[PDB]
Amino acid sequence: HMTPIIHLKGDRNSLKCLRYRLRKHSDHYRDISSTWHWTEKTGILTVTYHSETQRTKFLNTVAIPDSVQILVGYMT
Amino acid sequence: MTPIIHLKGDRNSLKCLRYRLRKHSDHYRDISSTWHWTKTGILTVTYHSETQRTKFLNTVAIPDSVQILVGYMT
DNA sequence: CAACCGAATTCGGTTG
DNA sequence: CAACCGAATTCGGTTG
């Protein structure tokens, strides 16, 4: 139960519009979260993956705006 | 990873729960907004420590309509 | 890549 | 514990 993920951080509307784009080819990830945040003016997009291979591909072929920050990690 | 808990349930139900959780914020690090994966909602609660999370679970009141899930993240 | 559109959703806070 | 309330935010899709 160690899921590979990444956290995309940046403007809330920006992350939302990005999600829209990431979801055009939903085969490169398991699922994407709604645009959330901690209760900070920035938002957060959570993306999970079925495997290191799937996540690895995503990071090699998916364009993330320089405005968005990328954080690689895991959850349970 | 950081010790956390995911609280699943009605989204408005969760929002109101977070409001309440803030009354005893001495036993948790931070609480997230009400989110979901793209009818039910999710609240993510992080903790300063493993023991802090335990004291939270045994002190805070979680609605039977809200599933509690222990885990780690980031 | 994100500012923008109208609408549905979520927010803190209240009330019962 | 959450239906409710007024008000702010977030949403999917569009557009430049």
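Chain naming here is simple, since letters A, B, ... match the order of the sequence lines and numbering starts at 1 in each.
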Between A/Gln54 and A/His50, a side-chain donor and acceptor under 3.5 Å:
yes

A/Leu18 atom CG is separated from D/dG12 atom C1', nearest whole Å, by 14 Å

Checking B/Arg53 side chain against B/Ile4 main chain: does a donor-acceptor pair fall under 3.5 Å?
yes

Describe, in one word, how the ring planes of A/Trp36 and B/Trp35 are oriented to each other, choosing from parallel (under 30°), tilted (30 to 60°) and perpendicular (over 60°).
parallel

Mind calculating the distance between CD1 (B/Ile31) and P (C/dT10) to the nearest angstrom?
18 Å

Quick one: do the A/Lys24 and A/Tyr20 side chains pair a donor with an acceptor below 3.5 Å?
yes

A/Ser34: which residues meet the side-chain hydrogen bond (donor to acceptor under 3.5 Å, both in side chains) condition with it, sequence neighbours left out?
none

Would you kindly give the CZ-to-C1' distance between A/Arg12 and C/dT9, to the nearest whole Å?
14 Å

B/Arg11 and B/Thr40 have their tightest heavy-atom pair at NE-O, 2.9 Å

Can you tell me if A/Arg19 touches the phosphate of D/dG12, counting only side-chain N or O atoms and a distance under 4.0 Å to OP1 or OP2?
yes

Could you state the CG-P distance from A/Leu15 to D/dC11, rounded to the nearest angstrom?
9 Å

Distance check: side-chain N/O of A/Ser34 vs OP1/OP2 of D/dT10, anything under 4.0 Å?
no

Looking only at non-hydrogen atoms, find the nearest pair between B/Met1 and A/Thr76 and report the distance.
CE-CG2, 4.4 Å

Residues two or more places apart in sequence or in another chain: which of them pass side chain to side chain contact (heavy atoms under 4.5 Å, CB included) with B/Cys16?
B/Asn12, B/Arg20

Give me the distances for all protein-to-nucleotides 13-16 of chain D N/O pairs that come in under 3.5 Å?
from	atom 1	to	atom 2	distance (Å)
D/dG13	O6	A/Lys16	NZ	2.8

Between B/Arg20 and D/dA2, does any side-chain N or O lie under 4.0 Å from OP1 or OP2?
no

Output the pairing pattern of DNA chain D as a dot-bracket string, 5' first, Watson-Crick or G-U wobble with both distances under 3.5 Å, | for cross-strand pairs, [ ] for crossing pairs.
||||||||||||||||

Check whether any side-chain N or O of B/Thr34 sits under 4.0 Å from OP1 or OP2 of C/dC11, and answer yes or no.
yes

Specify the separation, in whole Å, of atom CG of A/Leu45 and atom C1' of C/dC1.
15 Å

Protein-nucleotide distance (A/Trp36, atom CH2; C/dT9, atom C1'), rounded to Å:
19 Å

Those residues that, when tested against A/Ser14, pass side chain to side chain contact (heavy atoms under 4.5 Å, CB included) (two or more places apart)
A/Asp11, A/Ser67, A/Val68

Rounded to whole Å, please give me the gap between NE2 in B/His36 and P in C/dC11.
11 Å

Within this structure, what is the NE2-to-P distance between A/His37 and D/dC11, rounded to whole angstrom?
11 Å

Identify, between B/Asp64 and A/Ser33, the residue whose nearest nucleotide on DNA chain D lies closer to the 5' end.
B/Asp64

